[PDB]
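Some notes on the structure that comes next.
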Amino acid sequence: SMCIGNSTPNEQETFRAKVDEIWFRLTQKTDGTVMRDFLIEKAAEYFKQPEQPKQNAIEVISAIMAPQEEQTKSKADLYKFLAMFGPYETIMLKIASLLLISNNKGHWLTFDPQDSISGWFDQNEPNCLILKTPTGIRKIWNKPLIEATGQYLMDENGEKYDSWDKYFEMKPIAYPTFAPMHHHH
């Protein structure tokens with residue numbers, strides 16, 4: 001039963017209400033399904049930046065909405081997509097942010113799973129990125145109602161972060177250090 005996590009009841013319904021609104025504005029249909037290309041195209045137009053080429057937005061979205069092979073999409077697909085990188089006002093910023101990190105660290109991020117690092121979003125709690133590192137599994141939640149301008153990441157303790165970059169700074173994925181413990185900030 002797909003639902004966003006690390007979210008209060010109210011936040012869940014608020015977010016659910018948003019998904020409904022956007023799906024409807026994109027498909028003029030309360031539910032059902034639509035051809036894959038049609039959804040991605042409408043979503044691109046509506047989610048890209050003013051100076052962002054439509055084709056670019058289409059390629060990005062198409063890559064995130066795996067599998068490529070599937071021919072149609074539904075509300076639950078939009079729910080998943082907005083859960084990972086919403087709100088829509090800054091969706092492309094969150095994407096670039098996260099995407100840039102993995103591109104610089106061995107490309108661990110995958111939107112369609114099938115030693116070393118690996119990360120993906122939980123299909124049943126779509127705003128939750130699961131990370132498989134040496135020290136084990138770690139979880140971090142995108143807050144789908146917070147624009148990339150705010151603190152849109154929160155952990156299991158309720159500790160917010162400013163951005164993906166900040167979070168992976170504070171908790172990245174030994175070497176002889178010749179400096180006293182208290183020298184550390």
Side-chain angles (χ1 to χ4, degrees), residues 4-7 15 18-19 22 36 39-68 73 77-175:
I4 52 158
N6 215 172
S7 307
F15 171 75
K18 258 300 161 165
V19 179
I22 298 180
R36 192 185 193 261
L39 177 72
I40 293 189
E41 218 243 5
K42 297 311 174 185
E45 283 159 27
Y46 186 94
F47 297 158
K48 66 187 216 54
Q49 304 265 68
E51 1 65 57
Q52 184 177 9
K54 179 169 175 191
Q55 250 308 134
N56 172 255
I58 283 179
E59 311 209 354
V60 173
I61 295 173
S62 173
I64 294 170
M65 298 185 141
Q68 311 311 305
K73 260 47 166 88
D77 298 298
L78 223 224
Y79 186 99
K80 181 142 87 161
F81 185 68
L82 284 164
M84 302 183 268
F85 305 113
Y88 96 86
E89 289 73 0
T90 55
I91 184 118
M92 292 283 129
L93 297 181
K94 299 208 182 164
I95 289 175
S97 172
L98 204 233
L99 221 39
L100 202 264
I101 307 305
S102 163
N103 279 302
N104 296 327
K105 307 246 261 265
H107 322 241
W108 46 269
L109 190 67
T110 179
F111 294 96
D112 171 23
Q114 299 185 190
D115 295 54
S116 196
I117 323 155
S118 171
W120 65 98
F121 279 92
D122 183 318
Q123 234 61 300
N124 275 274
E125 190 160 337
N127 61 324
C128 177
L129 169 69
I130 298 174
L131 273 174
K132 191 130 186 162
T133 79
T135 90
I137 293 307
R138 193 193 325 165
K139 285 183 191 173
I140 181 61
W141 294 257
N142 171 57
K143 306 284 285 172
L145 308 177
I146 303 302
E147 292 185 42
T149 69
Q151 301 197 292
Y152 62 86
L153 291 189
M154 182 161 60
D155 68 16
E156 70 275 42
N157 313 130
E159 194 182 305
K160 306 194 278 292
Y161 297 95
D162 291 332
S163 82
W164 285 111
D165 310 273
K166 216 298 173 59
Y167 170 86
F168 274 98
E169 187 198 70
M170 304 256 274
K171 322 257 176 168
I173 304 297
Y175 192 67

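The chain is numbered in sequence order, starting from 1. Only heavy atoms go into these numbers, but all of them, side chains included; no hydrogens, no water, no symmetry mates.
Proximity of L98 to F85: side-chain heavy atoms (C-beta onward) are separated by under 4.5 Å at one or more points. Residues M84 and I95 form no side-chain contact, since every pair of their non-hydrogen atoms from C-beta on lies 4.5 Å or further apart. Within the 4.5 Å cutoff, no side-chain heavy atoms of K80 are placed close to those of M65. Between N142 and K94 there is a side-chain heavy-atom pair separated by less than 4.5 Å. Using a 4.5 Å heavy-atom cutoff, the side chains of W120 and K132 are in contact. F47 is not listed as a side-chain neighbour of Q52, based on a closest heavy-atom distance of 4.5 Å or more. Put simply, the side chain of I61 does not reach to within 4.5 Å of the side chain of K48, judged on heavy atoms.
Heavy-atom neighbours of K139 NZ from other residues, nucleotides or ligands within 6.0 Å: at or below the threshold of 12.
Atom NZ of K105 sits about 10.5 Å away from atom CG of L100, to the nearest 0.5 Å. For the atom pair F168 CZ and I140 CD1, the distance stands at 8.5 Å (nearest 0.5 Å). Rounded to the nearest 0.5 angstrom, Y88 OH and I22 CD1 are separated by 6.5 Å.
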Counting only pairs under 3.5 Å, give me each side-chain donor-acceptor contact of residues 145-155, with atom names and distances, residues two or more places apart or in other chains.
from: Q151; atom 1: NE2; to: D162; atom 2: OD1; distance (Å): 3.1
from: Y152; atom 1: OH; to: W164; atom 2: N; distance (Å): 3.2
from: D155; atom 1: OD1; to: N157; atom 2: N; distance (Å): 2.8
from: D155; atom 1: OD1; to: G158; atom 2: N; distance (Å): 3.0
from: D155; atom 1: OD1; to: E159; atom 2: N; distance (Å): 2.9
from: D155; atom 1: OD2; to: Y161; atom 2: OH; distance (Å): 3.1

Give every donor-acceptor pair under 3.5 Å between a side-chain atom in residues 111-119 and any protein atom, sequence neighbours left out.
none

